[PDB]
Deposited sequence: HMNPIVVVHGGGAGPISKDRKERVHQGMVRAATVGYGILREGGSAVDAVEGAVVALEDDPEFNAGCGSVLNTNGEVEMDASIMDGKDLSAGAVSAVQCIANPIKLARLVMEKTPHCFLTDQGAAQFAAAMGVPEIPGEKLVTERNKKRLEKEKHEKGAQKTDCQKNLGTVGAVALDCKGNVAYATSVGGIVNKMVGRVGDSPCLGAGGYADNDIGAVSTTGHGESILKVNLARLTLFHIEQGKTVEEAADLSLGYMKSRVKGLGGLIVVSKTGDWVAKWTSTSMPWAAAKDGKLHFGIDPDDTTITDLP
């Protein structure tokens, strides 16, 4: 059986402040801690990526769930998806409002409907009916995000991949969008093959950065194509990310794990917080080269 592996990512975007750096650290760490806690106790890849992504959604330092930005009309609007590498089982939700954890709702889409993708109105019904709490859209709206809303008038995709004890792979990704965005814009995060792809015959990818560009070039699926062509995880990351930059002038990041347990985190944005838990050991960083490898207690 395989040594489990989990990689976790936040925004593939600009420079981070030294203050937010350490706190970005703690949310990635908690995230990756949780996914790996789930796997070392017999949980699946889906199990791992779901708990991993739930962690970052709950945390207000990241732009999915609570800590999600507000669109141009003063409300949070969220996207998320998740996928089983085993049979390509998937679930996706877009422009969902007023719920704590869209990745969970994404999971229900997959496992309890004959469909993969629900949006806005019907999503919330599906939620409502599956028992998911509604909450006043007040409690998903933090202090510092209405500020950047105003600021911009005149914090990118988070995600997770795993390979579990029994060789299954998965991803999950979730976001609150770009700030002051128009009503109902949908990025890459609920679009299979762009925000993520998982396939037990190749590996799992989650993406971050410019949604539109990630969408145009089907970035996750593309990364896996290079891997099928027999390229290493890094080479394939490099080739896909390079193409996105050269073909549509788009920037971002990606985490990937091949079906053999090989993994890489790579980005073309200035920065991408990431962490990987494997072999009871934690890898973490934000800036290229900045990385550390610590002991997992």
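Trainee: Could you please spell out the deposited residue ranges that have no C-alpha entry in the coordinates?
Mentor: Comparing the full sequence with the modelled residues, the uncovered range comes out as just 155-166.
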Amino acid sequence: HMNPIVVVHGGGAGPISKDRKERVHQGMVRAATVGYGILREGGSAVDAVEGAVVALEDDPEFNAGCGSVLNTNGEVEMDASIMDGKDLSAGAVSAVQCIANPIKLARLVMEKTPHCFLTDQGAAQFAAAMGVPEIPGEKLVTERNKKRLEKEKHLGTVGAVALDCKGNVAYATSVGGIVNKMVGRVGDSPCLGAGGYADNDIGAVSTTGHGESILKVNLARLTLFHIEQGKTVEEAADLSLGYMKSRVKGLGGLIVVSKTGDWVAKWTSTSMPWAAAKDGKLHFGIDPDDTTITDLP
From here on, numbers count along this sequence of modelled residues.
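Trainee: So which stretch wins on mean C-alpha B-factor, 221-229 or 70-78?
Mentor: 70-78 has the higher mean C-alpha B-factor.
Trainee: Pick between 271-279 and 17-25: the one whose mean CA B-factor in the entry is higher.
Mentor: Here the higher of the two C-alpha B-factor means belongs to 17-25.
Trainee: Quick one: which of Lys104, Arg185, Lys216, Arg148 has the biggest Cα B-factor according to the entry?
Mentor: Out of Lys104, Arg185, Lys216, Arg148, the record gives the largest C-alpha B-factor to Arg148.
Trainee: Looking at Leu163, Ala92, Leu140, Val175, which one carries the largest C-alpha B-factor according to the PDB entry?
Mentor: The C-alpha B-factor peaks, among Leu163, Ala92, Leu140, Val175, at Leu140.
Trainee: Ranking the modelled residues of this chain by C-alpha B-factor as given in the entry, is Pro133 in the lowest, middle or highest third?
Mentor: According to the entry, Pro133 has a C-alpha B-factor in the chain's highest third.
Trainee: Compared with the other modelled residues in the chain, in which third is the CA B-factor of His115?
Mentor: Its C-alpha B-factor, which the entry lists for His115, ranks in the middle third among residues of this chain.
Trainee: Relative to the other modelled residues in the chain, which third contains the C-alpha temperature factor of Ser206: lowest, middle or highest?
Mentor: Bottom third by C-alpha B-factor.
Trainee: Where does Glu50 sit by CA temperature factor within its chain: lowest, middle or highest third?
Mentor: Answer is lowest: the recorded C-alpha B-factor places it there.
Trainee: Determine, from the deposited record, the chain-internal third of the Cα B-factor for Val96: lowest, middle or highest.
Mentor: Lowest third.
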